[PDB]
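Engineer: chains from the complex, first installment, not repositioned:
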Amino acid sequence: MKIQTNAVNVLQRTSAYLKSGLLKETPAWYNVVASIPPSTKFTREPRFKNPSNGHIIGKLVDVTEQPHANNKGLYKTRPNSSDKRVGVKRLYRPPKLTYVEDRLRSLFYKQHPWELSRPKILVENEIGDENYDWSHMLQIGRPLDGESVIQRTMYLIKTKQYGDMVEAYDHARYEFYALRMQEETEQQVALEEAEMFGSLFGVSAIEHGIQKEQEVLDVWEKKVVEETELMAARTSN
Amino acid sequence: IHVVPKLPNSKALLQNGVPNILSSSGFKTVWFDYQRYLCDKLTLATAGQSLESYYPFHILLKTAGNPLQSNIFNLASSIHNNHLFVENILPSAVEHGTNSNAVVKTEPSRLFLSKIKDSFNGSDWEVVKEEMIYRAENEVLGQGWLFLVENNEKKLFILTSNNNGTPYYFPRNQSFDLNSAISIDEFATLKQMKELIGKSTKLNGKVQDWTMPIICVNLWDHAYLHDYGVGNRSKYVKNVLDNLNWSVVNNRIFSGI
Amino acid sequence: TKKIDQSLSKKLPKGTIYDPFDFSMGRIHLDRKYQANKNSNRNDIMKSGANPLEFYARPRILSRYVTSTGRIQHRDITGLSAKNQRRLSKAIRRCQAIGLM
Amino acid sequence: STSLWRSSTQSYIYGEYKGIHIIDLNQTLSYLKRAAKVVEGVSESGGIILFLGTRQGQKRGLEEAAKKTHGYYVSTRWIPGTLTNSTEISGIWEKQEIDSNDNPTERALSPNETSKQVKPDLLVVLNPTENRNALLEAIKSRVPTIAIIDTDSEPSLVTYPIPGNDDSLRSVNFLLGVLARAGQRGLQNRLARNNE
């Protein structure tokens, strides 16, 4: 769509109405808009760096910067075809944001498929309040989940305790297993201890599933019977 | 995040404890330490889940019927119960920190003493206190809670819980210790309760209970050991029931105005 | 009657997880709708990377991409890439001319 | 989605992530502050502020925003012609005279004064992509407008754009609330200068 002109110039078109006398009274917005000018450039802006990984955009490596031979054993003495194509479009295309943590996150849930079954809440509370010390995995305010492992792994690589990402990741994974085992026992024991003191529960999870399966299996029984009788009539033909 | 509530006159509580019941060290254990311990564990259990936005009392009701959330229920029940106990044993609910008030003479109200006579066959408050001390010593072998509760029929009665047993929801009162032996009468009560829970049509298998606590006494080791010692929990319960804050206990009885 | 048509009952494999919905008729219909020969790739030589033109003297393999009368199947049915469809058709036509297909 | 990109918003984009464009919040904050000052100015000047949003769930935010700024809102449907054909649509409805404290003067209005077009001094649009009619009428009527501009929305159609997600009720209600409180402060400053 064409860059519109009349929406940002209401003050100037109004000013012509007032100066000529076509409009007798100044509108209430008139003074407010005059003191706060609208932005009216609507230009495309170049970008020279990917904010996620700091990669520089718009830099050409000259042959003088590649004095040594390549992986093929050949020296570079002249620009190649790619070097001779204008790359202005890359300056204007929104950069693809990438993060190393994304690679680890995919790995964690590939190794632990059932961690996906633990519901995650995407609704944020207040990102600015998060005061986390990733020297330890547990944190007050956030659940223990795959993200706890990833942030712990990054802290280890950031503090240079471990050099390889794999080693830091493995170290964090074991800390995660220990915390997961202590919680699986606290829940089992809590249920056992309550039943031993006379706690009663209406429906268990296993019972809930049986009831839901019965509701479905009852409708399925009717339809099967109905469709096993239309077939008999239709086939009789 | 669940945080420990601020208590009125906290500077006095951290210096002279609760007069006639707990010392400064004893009160730091029961409230400043244990309440922090509970709230932190509750935050770790509930952070990242829908339960984080609910107050502990609402959490226990929501989780009362879920067997595998008992850990969350225990923490929520303990937190709510502990602040019910710390609230009625507190010198003054109003913050006389700048008023330096040292005259808080609270006595049972007329509505409370009228319901006591009606529900206890004319027994006096002093006699009922003796029954409460006896019930705690013979029904709670270990940790637990002592409550004076009111039901939907306007009758005050005494309920004791083992460990973290809620007074609000009878299926989770935990009033019978099944580790030891039970009489046929106790088994009948448990069997009758199970039948009531099975009559509910809700998919969550939950029943309606309108019981509400009036007095709460913490029978956990975090409240008495340091000041009374093993075996002296009956001297602790006697002091608590004799130095209750009746401005809070009277307000817990529904009047209807 | 103690019998149901196989088309009206779902047999849950062993080791798999299920939901209550898996016992409904919707699951039966949903499985029919989304029933595609996706396992062919692993059993489809021509979707593996081999050159179909190397099979011009192996009528048995080529006979898997023609109808009962010998009509070459359209790419919409074979699911091959343009190049493999082009090469496969040449292989079949060459095989027919040699006297093998 | 990057597939729905309107390249005229290129300057507002921070990058693309997970198949969607990320709006630059540094610019959103500067635009939001500028837009907020405009709402406050118009409110402090006694102008009519109309809040337009027709996506499901927006009514609650729209009604409270109008209430705390002494403004107006439309949550159901923008009648095409409300501003350009105001006499055939809005002439029948009742007007009133008010003092500097926004209290009804109670003076009966002559039929001449009750038929005159009452044009908004500022139009706020939560979902401009579905309110092209309202935006074009505001342009024709020289009414300054504020709107949330998503990556697929045309920035030049509004005087003061606010780059931001227009699909989430949380994002919309967060931005609407800020503008509504800005108006409230302007209203309170106008009522305060009258007292003293």
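Structural biologist: That came in fine, so what should we check first? Numbers count the residues shown, from 1 in each chain, chains lettered A, B, ... in the order given.
Engineer: all contacts plus neighbour counts: C-alpha atoms, from now on.
Structural biologist: OK.
Engineer: from the centroid of chain D, which residue is nearest?
Structural biologist: Computing the C-alpha centroid of chain D and ranking residues by Cα atoms, centre = their mean puts residue D:124 first, at 1.0 Å.
Engineer: for the residue in chain C that chain A sits nearest to, which non-adjacent residue is closest in space?
Structural biologist: The minimum distance from chain C to chain A, using Cα to the nearest Cα, falls at residue C:20 (4.7 Å). Spatial nearest neighbour of residue C:20, chain neighbours left out: residue A:213 (4.7 Å); criterion: Cα to Cα, 6 or more residues apart in numbering or on different chains.
Engineer: report how many residues lie close to that neighbour.
Structural biologist: If you count neighbours by other Cα atoms under 10 Å in any protein chain shown, residue A:213 ends up with 17.
Engineer: residues contacting it?
Structural biologist: Residues in contact with residue A:213 (Cα atoms under 8 Å, 6 or more residues apart in numbering or on different chains) are C:20-21, C:23.
Engineer: which of those count as buried?
Structural biologist: Among the contacts of residue A:213, those buried by neighbour count (16 or more other Cα atoms under 10 Å in any protein chain shown) are residue C:23.
Engineer: closest to residue B:186 out of the contacts of residue A:213?
Structural biologist: residue C:20 (38.8 Å; Cα to Cα).
Engineer: what's the distance between that closest one and chain D?
Structural biologist: Distance check for residue C:20 against chain D: by Cα to the nearest Cα, to the nearest Å, it reads 33 Å.
Engineer: the closest residue to residue B:96 other than its chain neighbours and residue B:94: what is the separation?
Structural biologist: Spatially, and ignoring its direct neighbours in sequence, residue B:96 is nearest to residue B:9 (6.7 Å; Cα to Cα, 6+ apart). When distance is defined by Cα to Cα, to the nearest Å, residue B:9 is 8 Å away from residue B:94.
Engineer: here's chain E, drop it onto the model above:
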Amino acid sequence: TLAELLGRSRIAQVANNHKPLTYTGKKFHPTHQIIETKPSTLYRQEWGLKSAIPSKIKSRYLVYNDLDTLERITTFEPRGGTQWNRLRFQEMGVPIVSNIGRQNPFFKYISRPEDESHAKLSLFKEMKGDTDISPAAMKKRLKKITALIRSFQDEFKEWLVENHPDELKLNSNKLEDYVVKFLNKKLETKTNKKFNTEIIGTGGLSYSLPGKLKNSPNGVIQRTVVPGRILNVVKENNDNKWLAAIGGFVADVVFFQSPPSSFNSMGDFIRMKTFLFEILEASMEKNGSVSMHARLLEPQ
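Structural biologist: The block that follows adds chain E to the chains above:
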């Protein structure tokens, strides 16, 4: 900066997934991350995604692939039912055990080269574990590797004549052994598939350690009884065991001696009735499935 915050945002925490939301094959484990919204946010169609979820959705759990699409909709399915399968497994209190008696994957054990005696079995698994690899990208594992291995020729042309010269002058049966070890020794420093994507142990289904007994008011529980359903009225063809549906898992049920007479009577409607089962053991296979073995406890 905004980029740093975005990387740590809750949406970034969800790993990219384009697996079909409507899958009709065999399901062995969860494929999508369950998203949950609170009741208050559900009332306002807020899920923390890009756009509001339609008000028709009353469930508080969903799974999605794309935040937005060219169709101007979110790709999601309003279901969160794999969590109930995990919680029902927890209620059955059957720890997952290794049928091969392997070390527990969740403990940092001090392992030794007992299984490393198959260096030629797994060093070549990198090039031979190419079941589903492209015909030319897999062929790029032949020239790319050959150059890398061919760059160590000088190192192995000196080490072998300095550590085992006799073999070079007698037989190559031992030389081949020194070659397999050489590359591995020079590859352990390298990073070839340094990250292993294989499922680790249970995959998160259960973190329960075997050994603990279940105390109950009626004494210690010795046999776990769980309601279930028989799916087929005729044993699995070619197998001596029927199939049961217990707690969201399909198990192999072994009968004491005979099959109850309700089978023949019910016929193909046998799944309409609930039986009591005993869960003997639970194992984990490499595909990520759970091998649950049960026993049809019949009233006696």
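Engineer: same question on the neighbour count of residue A:213, but now with chain E added
Structural biologist: Neighbourhood size, residue A:213 [other Cα under 10 Å]: 21.
Engineer: part of a helix, is the residue nearest to the centre of chain D?
Structural biologist: No. According to DSSP: H, G, I helix; E, B strand; the rest coil, residue D:124 belongs to no helix; its state is strand.
Engineer: wait, is residue A:67 part of a strand?
Structural biologist: No. Residue A:67: not assigned to a strand; according to three-state DSSP it is coil.
Engineer: my guess is it meets residue A:74, correct?
Structural biologist: No. Applying Cα atoms under 8 Å, one finds residue A:67 not in contact with residue A:74, separated by 10.4 Å.
Engineer: OK, contacts around the closest residue to residue A:50 other than its chain neighbours?
Structural biologist: Leaving aside its chain neighbours, residue A:50 sits nearest to residue A:95 (5.9 Å; criterion: Cα to Cα, 6+ apart). Going by Cα under 8 Å, 6+ apart, residue A:95 touches A:50, D:14-16.
Engineer: just the residues you listed: which are in strands?
Structural biologist: D:14-16 (DSSP state E).
Engineer: from these, which is closest to chain B?
Structural biologist: residue D:16 (27.1 Å).
Engineer: next, the contact list for residue E:139, please.
Structural biologist: Contact partners of residue E:139, counting by Cα under 8 Å, 6+ apart, are absent.
Engineer: sorry, slip of the keys, the one I care about is residue C:11.
Structural biologist: E:231-232.
Engineer: using the three-state scheme, assign it.
Structural biologist: Residue C:11 ends up coil, using three-state DSSP.
Engineer: as chain F, please add this:
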Amino acid sequence: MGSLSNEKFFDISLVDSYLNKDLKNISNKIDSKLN
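Structural biologist: This next block brings in chain F, placed alongside the chains you saw above:
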């Protein structure tokens, strides 16, 4: 292995070492070491 390979179907390494006095200057080297 290259020149010092046991494969019946060897590569040009073996023929290169022969004409470069390597397979001979190593055979003597190994034999001298054995001495």
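Engineer: repeat for the neighbour count of residue A:213, accounting for chain F.
Structural biologist: The burial count for residue A:213: 21, using other Cα under 10 Å.
Engineer: ok, the one 5 residues further on next?
Structural biologist: Residues near residue A:218, counting by other Cα under 10 Å, number 13.
Engineer: is chain E contacted by the helix or strand encompassing it?
Structural biologist: Take DSSP states H and E as the rule and residue A:218 turns out to sit in helix A:205-236. Yes. Applying Cα under 8 Å from any Cα of the partner chain, one finds helix A:205-236 touching chain E at A:205-207, A:209-210, A:214, A:217-218, A:221.
Engineer: list buried residues within those residues.
Structural biologist: A:205-207, A:209-210, A:214, A:217.
Engineer: quick one: buried residues of stretch A:84-98?
Structural biologist: Judged by neighbour count (16+ other Cα under 10 Å), stretch A:84-98 contains these buried residues: A:91-98.
Engineer: helices - which of the residues you listed land there?
Structural biologist: A:91-92 (DSSP state H).
Engineer: what ranges do the helices span in the chain?
Structural biologist: Reading this off chain A. Here chain A has its helices, by DSSP H, at A:10-20, A:28-35, A:88-92, A:100-111, A:146-159, A:165-195, A:205-236.
Engineer: looking at chain E here, not the other one
Structural biologist: Under DSSP H, chain E gives helices at E:2-8, E:10-13, E:39-43, E:82-91, E:119-122, E:125-128, E:140-150, E:153-163, E:165-170, E:175-187, E:262-266.
Engineer: if you compare the ones you listed, which one is most tucked away?
Structural biologist: When those are scored by mean count of other Cα atoms under 10 Å in any protein chain shown, the highest mean neighbour count falls to helix E:82-91 (a mean of 21).
Engineer: no further queries at this time; thank you.
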